[PDB]
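Chains as they are written, first to last, in the deposited numbering: chain H, 690 to 903; chain G, 1508 to 1578; chain A, 5 to 375; chain B, 5 to 375; chain D, 189 to 375.
We treat Cβ as the ideally placed atom computed from N, Cα and C, and that holds for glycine.
In what follows, a structure is listed as structure tokens, so that the remarks can point back to it.
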Ligand SMILES: Nc1ncnc2c1ncn2[C@@H]1O[C@H](COP(=O)(O)OP(=O)(O)O)[C@@H](O)[C@H]1O
Ligand SMILES: Nc1ncnc2c1ncn2[C@@H]1O[C@H](COP(=O)(O)OP(=O)(O)O)[C@@H](O)[C@H]1O
Ligand SMILES: [Mg+2]
Ligand SMILES: [Mg+2]
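As structure tokens, then:
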């Protein structure tokens, strides 16, 4: 089975160099950039100071415009339905978040020059751009899944010809089976106040990791 | 790309400023070239006159602008 | 191609593939729409949230339930949930999988006719079949005889089965389930000054019920001890950092299952209604029907409900009888688990309602074949 | 081509081109007229000075503010300021530049209707739009969920926003801002023997406040340290060379924001105005509103105002939760920056008020569209 | 009413001025039979304008706000609330009773309290209730003129009854039983 595993790697690595012509590869490039600026708060990533974050803000925002172009082409060829309406809803949010990153990063750049770094010595000014970055990524994950559904549902439909639909280059993993019972632990005895369960927010790495090449 | 972005405008402003800062050097070189020619022609006096006037005004503007960076 | 086992109850939707031992999609069966004014541009195009995303935005949404008392009332919203559980939660093609649907006993005849019509016409499923909540629970228990007490979110019903044979005349149905208990707890909490009025706040009370409520072995003794001391008190923290306390309301909310007069209903309690059904059966089969008592559904998850249930039946049945109660730890998903067993059965592959049969007979084919 | 973005407030006027990162014209919103006899021939023809040039000649003018408490009261002087910023400040022709205006919430309807009428009829712009100042502060903060505390020169208001949805019933507007603090400072300064009664002298007192006033973390303790020693004294030099000294008045003037009873107002301080606004929202979104608390406006520029607000909120909110305060260094221009983001947006290019729609609807078109 | 009065330029902020607004409400507000029609008529003409004089001598004018304030009773979403209006709440309560008494409950609809004295609330409630109930049933609404003091009038009737003296809470009963006696006896 050692020889078999090499074929899967070759097919998987074959799409990492598609020059951003596919939607899925662009989203994967997006997520890696965001994790770098997310890890900046803990100070254990490639970024070192505020100026690094500002440079990363332009790169993720510029990649947002190409994502809008890719998504809108599928929507135009898709006939009017529930899937198409959901697809265009997120494309409205991408334009807002991308535009916010461009203007806000410029403002943080000018303030650095005028008052020096001591004005932005605290990391508080950094989370203004980081908050908009993870806001953008949530919409990017949603529009990828919406675009995939419309592609598979209307793969045979007229107008989808000569297009790079995810339905012909990617496959979904079957969702993991739910636990039949939540195992009890001994820590609840120590706590005298029973609280509500924290909502589980999906991680963009895990949301995109379920994609597999044909 | 989706919307107008300030970075492109900033680049345009910087390029315009550099063009304006090089056109004065070109003007000074032209004045130096027409001044040092011993021969003189009728169609050269007006050009050279306008050239010193423009250069002198530009130098006055530069001198006035420089002082504004001090207190 | 494996079949789909979808168990769409009043409260939660359970879906998965036949042959497995656990569902893959378990989300609330709600549809929410915004009720405020959108100011930020581009953030208001979405106008309907389904399932988990709706529950994560309760602050700016109003939550509606497409199913109440086990009967579908809104059909536009129900189609939205079915579309959400095929393409998003399961990510499969509905047009190449036979689908197994479930329905509660004694529901309106037109309810399952509309369920079949939507499946064939809209989702283009190759085949389908409709089952019964209580029947599928026996498979999960691995038994062929017994009486099933399924208490979900919209309905409570009993079905006695002996050696794989049903007794329709002895089937009892009661419209008192978990949703009614939430409303009673919401009203009872007003005695201490806590008020919840919004649909989002009703989901907060549901969380309190599932974490602090329990069934008292003896009701009168607990009432005497509740007033004398303060050893039965507990605290719960609201999402906004506030803390509330609960006294005797912990064992009063589940106790109305045995005394429906608390909510104003004249129907007998769950302990009495299952005893009446047993005595409606033949005298020969009552010997084992007292044992093999199967409980299923989320409402049967209160602490001590089995202990109270056994005590009440013993005081009614003759002392010679042996009374046993089966309460598996996984009984919240018993209905779905029995659905997978039936769908993957070797001898079950010959009564799927094929699309060709539907064309020549219309939606009315389900009544004569599906049970 | 480029769309103008003009943010006209009670004290200052901000204008520029959409899509930029900073305004191109910032001048005071005052109009002055001579009050002295003119004896030199030809020097008295000018009868009105607007903006910066009026500020340089305070000695022979009577300064007036066309806008007070966020409401335009002199429509003749307001047109003078709008003409100044379109021709003498931006050097643009209004006929080919749609403009974006701002206005505070809970403001009379006649304010924006007459604002729109002037733009279309007098200056003849192709399109326009009127937005809310507190909403635009969230655009500049790179956020879509939070509560905005905007305090300018005439009005202070709170607007909570969750996921791009506003809650109009939770908006609180308080008419107490920097201009009221300037008037209180003049009265307070008379205790040391200084008198400023002229309108030109009010500009001197305003500059004293911006350079010497601060918010004390604990007012009662600070007052004790003010009387015992003289370490809090600072000196300011008047234009004519006279030197004044300020003692405990440095922190007494900004204290009226948290204790409005100093001026005689019955209202509550700005610290518990925000808490009341939060508590009027739904219980589920209060967690995200305690954090993401955005401050804007020039009145919120006092040293220590952010730390003081956090201490006061934490004493009111439940101790389990966390309270954050967002105070960007450039918060004096947050309203304008948000306006530049909105006007240049691609998805916003369809909701301008074109001149064609104004023809068939009149000034009332703004209520149904601009909101 | 204080919030929507700022649209015309009048501002009341203090607690002393909250009593001024209450007096304005009791004299100028009424319930619109058809909300949409009144909105159109208010914009078409100024025939619904009325004036009020403040204590200091100022005079204010109020237009369509006269019928907008009582409308929030039937449309609670105006003040941001989620529950249904009073016309629908009193119908949901009827359906929660057994079917045998719903005919007698549809008749004998009694109102009380000062909030029910708006001019036209009796007519508006009848119009909305009949649209929900089946057309066969009949709807009657009782609106006594003295309904502002209906609660006290019934109280004096009960306390003076000749068969009521045996259910008072005597002081000696409270002395040995404590304040908890009020729960089981008083109702
Ligand atoms: N631990 C618990 N204790 C008490 N009640 C519960 C508990 N967990 C769930 N419930 C209630 O049981 C119901 C579960 O619904 P479910 O068992 O899926 O049947 P259905 O699918 O018909 O709603 C929920 O409405 C919930 O209120
Ligand atoms: N650094 C500062 N410290 C204290 N107060 C200030 C400071 N800067 C400005 N102010 C006051 O706040 C006001 C700021 O006005 P601004 O917010 O720019 O527009 P608007 O006129 O709409 O309020 C000014 O009137 C001034 O009195
Ligand atoms: Mg169920
Ligand atoms: Mg302002």
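What are the start and end residues of the beta strand (DSSP E) that includes residue i?
| i | result |
| --- | --- |
| residue 228 (chain D) | Where residue 228 (chain D) is concerned, there is no enclosing beta strand (DSSP E), although the alpha helix (DSSP H) it sits in stretches over 223-232. |
| residue 250 (chain A) | 247-250 |
| residue 241 (chain A) | 238-241 |
| residue 133 (chain A) | 131-136 |
Ignore the nearest five residues each way along the sequence and tell me which others in residue i's own chain have a CB closer than 7 Å to its CB.
| i | result |
| --- | --- |
| residue 143 (chain B) | 342, 345, 346 |
| residue 147 (chain A) | 296 |
| residue 849 (chain H) | 766, 843 |
Just list the residues that DSSP pairs residue i with in beta bridges.
| i | result |
| --- | --- |
| residue 294 (chain D) | BP columns for residue 294 (chain D) are empty, so no partner. |
| residue 840 (chain H) | Answer is none; residue 840 (chain H) lacks a bridge partner. |
| residue 164 (chain B) | B:151 |
| residue 326 (chain A) | Residue 326 (chain A) is not bridged to any residue. |
| residue 72 (chain A) | A:75 |
| residue 12 (chain B) | B:17 |
| residue 835 (chain H) | According to DSSP, which records beta bridges pairwise, residue 835 (chain H) is partnered with nothing at all. |
| residue 31 (chain B) | B:17 |
| residue 882 (chain H) | A:239 |
| residue 37 (chain B) | B:66 |
Quick check on residue i: does DSSP put it in helix, strand or coil?
| i | result |
| --- | --- |
| residue 157 (chain B) | coil |
| residue 176 (chain A) | strand |
| residue 355 (chain A) | coil |
| residue 895 (chain H) | helix |
| residue 720 (chain H) | helix |
| residue 398 (chain B) | Residue 398 (chain B) lies beyond the residue range present for chain B, which begins at 5 and ends at 375; the question has no answer from this structure. |
| residue 859 (chain H) | strand |
| residue 786 (chain H) | helix |
| residue 900 (chain H) | strand |
| residue 1567 (chain G) | helix |
What does residue i reach in chain D if we use C-beta pairs closer than 9 Å?
| i | result |
| --- | --- |
| residue 201 (chain A) | 269, 270, 271 |
For residue i, I'd like the list of residues in its chain whose CB is within less than 6 Å of its CB, leaving aside the five on either flank, ordered along the chain.
| i | result |
| --- | --- |
| residue 266 (chain B) | 260 |
| residue 136 (chain B) | 109 |
| residue 21 (chain B) | 6 |
For residue i, go through chain H and note every residue whose CB falls closer than 9 Å to its CB, in chain order.
| i | result |
| --- | --- |
| residue 26 (chain A) | 866, 867, 868, 869 |
Go to residue i, then tell me how far its alpha helix (DSSP H) extends in each direction, as first and last residue.
| i | result |
| --- | --- |
| residue 711 (chain H) | Counting along the chain, residue 711 (chain H) falls outside any alpha helix (DSSP H), and DSSP gives it neither H nor E. |
| residue 91 (chain A) | 79-91 |
| residue 277 (chain A) | 274-283 |
| residue 5 (chain B) | Element bounds for residue 5 (chain B): n/a, residue is neither H nor E. |
| residue 342 (chain B) | 338-348 |
| residue 209 (chain D) | 203-216 |
| residue 764 (chain H) | 739-766 |
| residue 58 (chain B) | 56-60 |
| residue 116 (chain A) | 113-125 |
Whose C-beta lies closer than 8 Å to the C-beta of residue i among residues of the same chain, with five residues either side of it excluded?
| i | result |
| --- | --- |
| residue 17 (chain B) | 10, 11, 29, 30, 31, 32, 33, 55, 85, 89 |
| residue 762 (chain H) | 852 |
| residue 220 (chain B) | 226, 255, 259, 308, 312 |
So which residues on chain G does residue i lean against when the C-beta distance must stay under 9 Å?
| i | result |
| --- | --- |
| residue 23 (chain B) | 1510, 1511, 1512, 1513, 1516 |
Interface residues of chain A around residue i at Cβ under 9 Å?
| i | result |
| --- | --- |
| residue 175 (chain B) | Simply none; closest approach about 11 Å. |
| residue 339 (chain B) | None at all; the shortest Cβ gap to chain A is about 15 Å. |
Under 9 Å Cβ-Cβ, which residues of chain B neighbour residue i?
| i | result |
| --- | --- |
| residue 67 (chain A) | The contacting residues do not exist; residue 67 (chain A) stays about 11 Å from chain B at best. |
| residue 205 (chain A) | 286, 287, 288 |
| residue 196 (chain D) | 112, 113, 114 |
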